[PDB]
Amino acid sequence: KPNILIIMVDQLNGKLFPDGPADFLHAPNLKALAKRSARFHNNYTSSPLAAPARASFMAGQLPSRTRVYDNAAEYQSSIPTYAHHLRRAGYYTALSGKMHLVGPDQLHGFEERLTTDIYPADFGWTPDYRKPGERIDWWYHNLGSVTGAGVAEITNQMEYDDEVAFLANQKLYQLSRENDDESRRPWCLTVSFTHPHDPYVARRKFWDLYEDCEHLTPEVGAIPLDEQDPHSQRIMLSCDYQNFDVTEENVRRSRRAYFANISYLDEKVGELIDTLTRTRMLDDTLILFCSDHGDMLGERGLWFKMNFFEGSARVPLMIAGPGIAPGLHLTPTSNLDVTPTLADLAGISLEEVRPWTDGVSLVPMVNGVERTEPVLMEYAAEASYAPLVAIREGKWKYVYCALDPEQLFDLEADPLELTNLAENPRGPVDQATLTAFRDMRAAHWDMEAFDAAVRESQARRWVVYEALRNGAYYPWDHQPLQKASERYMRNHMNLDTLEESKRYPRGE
């Protein structure tokens, strides 16, 4: 059974990984990794928002099934995740970094978690479908990140990711001490970074890499409010766009710092692989690179996520290691597919995970078997007044919301999604295609039931959270475990035995 190192980053636009990292990015370690990887060019989040994407990623289940509709929705501890599936199959499992789990369970199957979460674990960020058009300024996104972009040597997120990286490498070193043990458990370590998520603020060393960058403005620029589709209009309102003057310089500084923070992450990818190499674990380790959702990065005038356009919904996915054929795949894939893919790679039978996952294993695709299943996405959080769903199949993307006109995009003819074929069909094929997707949509979702479930979930939490914020607060944030009385040299141990057990490799 191979080891599994999952490297995850937050808010990474998948279009920036056309075939591994784009040429213009300074990312040598991720480019070298990509050359060894199966690379999934058209990979999509299951939900363009942090907590919904991450609960779905861990479970291999859609938000409608996990019930994690938004960034404040409880994730039930009884829902199996890839950590349960691997741990049940004999893996040691650990998390360093972020997963935005909401509720008192901050492990969800992970045997050990090395850091707290950067974000809250409580019900604060609960949207309210009963009050459409409101925004909550103290947690909603706003374009202050765009006007505030720049250069700093420490930030909240760099403190977090610096520590995530250090503890991940320390854990790989600790795990190598078991390498000569016949009865060692294989390990699965998830390293989950908060970059390149905003604030768009970067260390000067990485900012300086992009002085001459040719990609600091999007090809598709700002669409005025009057000309936006309704959901995009709700996002602009939710971001308080009217109270910010986003200049071209602001767009350029934000994209520049974002690219710089990819380069910041690339250095951390190199450290992890160097640790794997020197500990002699690289040949037995699968490495997956993934992200929860994208960032529009100013394309269409939009920033951040919360929508199904390519920049928000596309996220990179790469897998490398024993038994994995390197190569590029264009068939659309989903983050929903990661958990069943990991289970398959770990030797777990299809039947053991079939009842618990909505995705499919990608391993047959890596081995030349055509994948046919469509890619499904959902969104039911801020800037929605009712749930949205999307279907990505073949060359098409279809988006449905009961409150909006449908969208239908031919991504091979129209990769920038500039012509809505549901409004302006090119011919009778486009009209027949729209009908097929409507049928597919009715097959997969009951939208009235979806809306009612989201409303009931919000209403529960508004009662409960108001109560929990009265009197003394009981926090749910993960506190990594204290072990000082059992670490290093203590006088209930054999002193020379200790040094030998903590040294690795041995006898050289």
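When you see a residue number, it is the position in the sequence shown, counting from 1.
- Mean C-alpha B-factor is higher over 122-130 than over the other stretch, the pair under comparison being 122-130 and 102-110.
- Set 226-234 against 340-348 and average the Cα temperature factors; 226-234 ends up higher.
- Of the candidates 478, 444, 39, 36, the deposited coordinates give 444 the top C-alpha B factor.
- By the numbers in the PDB entry, the CA B factor is greatest at 482 among 482, 45, 29, 56.
- Residue 94: CA B factor lies in the lowest third for its chain, per the PDB record.
- Residue 322: CA B factor in the highest third of modelled residues in this chain (values from the PDB entry).
- For residue 11, the recorded CA B-factor ranks within the lowest third of the chain. Only modelled residues enter the ranking.
- Remark: residue 274 belongs to the lowest third of its chain, ranked by C-alpha B-factor as recorded.
- Residue-level temperature factors show residue 176 in the lowest third of its chain, judged at the C-alpha atom.
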